[PDB]
Q: 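Attaching a single structure in structure tokens format; questions to follow.
Letters go in sequence order (proteins before strands), and every chain restarts at 1.
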Amino acid sequence: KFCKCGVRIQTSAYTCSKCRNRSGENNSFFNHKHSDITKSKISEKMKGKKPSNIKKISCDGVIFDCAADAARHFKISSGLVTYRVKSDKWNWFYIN
DNA sequence: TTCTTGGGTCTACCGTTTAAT
DNA sequence: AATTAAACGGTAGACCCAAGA
Ligand SMILES: [Zn+2]
């Protein structure tokens, strides 16, 4: 048996692994809902994890791994951190 | 039967914007 | 002006599940 792409496949298969459609409505989990139990398992494993989009920052010399840590140290909102970084009245800048 | 794939369904936390003070 | 909350928009990684191998 041959896949539409040209490679051989078992007669029990509809396509080769690479050509299988899994996007949108063709996904095996499309339109399914996760149970409250699954959501909790995901919740516990994620608690305390910082994401990859964090920005190291220097607050005029005092550095932080992310803007949120700086917000928590100064006790201000994250929005204000961004505001000071853009302000000509502060020397707060992201590293890189 | 098991092991592998890989993208839809989620969570926790980020950072930037903007309405409202 | 300088502030905050909430609206938006993003990442990786855990989960699920059917079908390829
Ligand atoms: Zn193919």
Q: Suppose we screen for salt bridge (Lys or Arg N to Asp or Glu O under 4.0 Å). Which residues come up paired with A/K33, at least two apart in sequence or across chains?
A: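 Once residues adjacent in sequence are excluded, A/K33 has no partner under the salt bridge (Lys or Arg N to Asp or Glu O under 4.0 Å) criterion.
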Q: Find the distance between OG (A/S17) and CZ (A/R20) and round it off to the nearest 0.5 Å.
A: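 With rounding to 0.5 Å, OG (A/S17) is 7.5 Å from CZ (A/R20).
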Q: Hey, could you give me each pair passing salt bridge (charged side-chain N to carboxylate O under 4.0 Å, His left out) that has a residue in residues 86-96 of chain A? Not counting sequence neighbours.
A: none
Q: Could you tell me the separation between the CZ atom of A/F74 and the CZ atom of A/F64, rounded to the nearest 0.5 Å?
A: 5.5 Å
Q: Report, one pair per line, the protein and nucleotides 13-19 of chain B atoms (nitrogen or oxygen only) whose separation is under 3.5 Å.
A:
residue: B/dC13; atom: OP1; partner: A/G48; partner atom: N; Å: 2.8
residue: B/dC14; atom: OP1; partner: A/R72; partner atom: NH2; Å: 2.8
residue: B/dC14; atom: OP2; partner: A/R72; partner atom: NH1; Å: 3.4
residue: B/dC14; atom: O2; partner: A/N53; partner atom: ND2; Å: 2.6
residue: B/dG15; atom: OP1; partner: A/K55; partner atom: N; Å: 2.8
residue: B/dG15; atom: OP1; partner: A/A67; partner atom: N; Å: 3.1
residue: B/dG15; atom: OP2; partner: A/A67; partner atom: N; Å: 3.3
residue: B/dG15; atom: OP2; partner: A/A68; partner atom: N; Å: 2.8
residue: B/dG15; atom: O3'; partner: A/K55; partner atom: NZ; Å: 3.4
residue: B/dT16; atom: OP1; partner: A/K55; partner atom: NZ; Å: 2.7
residue: B/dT16; atom: OP2; partner: A/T82; partner atom: OG1; Å: 2.4
residue: B/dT16; atom: OP2; partner: A/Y94; partner atom: OH; Å: 2.5
residue: B/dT17; atom: OP2; partner: A/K86; partner atom: NZ; Å: 3.1

Q: In whole angstrom, what separates A/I42's CD1 from B/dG8's P?
A: 16 Å
Q: Tell me, which of residues 21-37 of chain A have any heavy atom that sits under 4.0 Å from an atom in DNA chain B?
A: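 The answer is A/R22, A/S23, A/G24, A/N27, A/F29, A/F30, A/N31, A/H32, A/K33, A/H34.
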Q: Phosphate oxygens OP1/OP2 of C/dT3: is one of them under 4.0 Å from a side-chain N or O of A/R84?
A: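 The answer is yes; a side-chain N or O of A/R84 sits under 4.0 Å from OP1 or OP2.
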Q: Find the distance A/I76:CD1 to C/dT4:P and express it as a whole number of Å.
A: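 Nearest whole value for this atom pair: 7 Å.
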Q: Between atom SG of A/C3 and atom NZ of A/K18, what is the distance when rounded to the nearest 0.5 Å?
A: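 So the gap between those two atoms works out to 12.0 Å.
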Q: Taking atom P of B/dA12 as reference, at what distance in whole Å does atom NZ of A/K41 sit?
A: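 Answer to the nearest Å: 16 Å.
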Q: Scan side-chain atoms only and decide if A/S78 and A/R72 contain a donor-acceptor pair under the 3.5 Å cut-off.
A: no
Q: Base, sugar-phosphate or nothing for A/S87? Non-hydrogen atoms, less than 4.0 Å.
A: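 Contact class for A/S87: none.
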Q: Backbone N or O of A/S35 within a donor-acceptor pair of the A/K39 side chain at under 3.5 Å?
A: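 A pair under 3.5 Å: no.
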Q: Hey, does A/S40 reach any base, or is it just sugar-phosphate, or nothing, if we go heavy atoms under 4.0 Å?
A: nothing
Q: Would you say C/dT4 has OP1 or OP2 under 4.0 Å from some side-chain N or O of A/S77?
A: yes
Q: Between A/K39 (NZ) and B/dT9 (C1'), how many Å, whole number?
A: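 The answer, rounded to whole Å, is 9 Å.
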Q: Can you name the salt bridge (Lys or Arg N to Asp or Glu O under 4.0 Å) partners of A/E25, sequence neighbours left out?
A: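 Result, salt bridge (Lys or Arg N to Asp or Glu O under 4.0 Å) vs A/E25: none returned.
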Q: With a non-hydrogen cut-off below 4.0 angstrom, is A/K1 in contact with a base, only sugar-phosphate, or nothing?
A: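 Since no nucleic acid heavy atom lies under 4.0 Å of A/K1, the category is nothing.
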Q: With sequence neighbours left out, what residues match A/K50 under salt bridge (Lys or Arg N to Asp or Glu O under 4.0 Å)?
A: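 Only A/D69 meet the salt bridge (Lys or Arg N to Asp or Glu O under 4.0 Å) criterion with A/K50.
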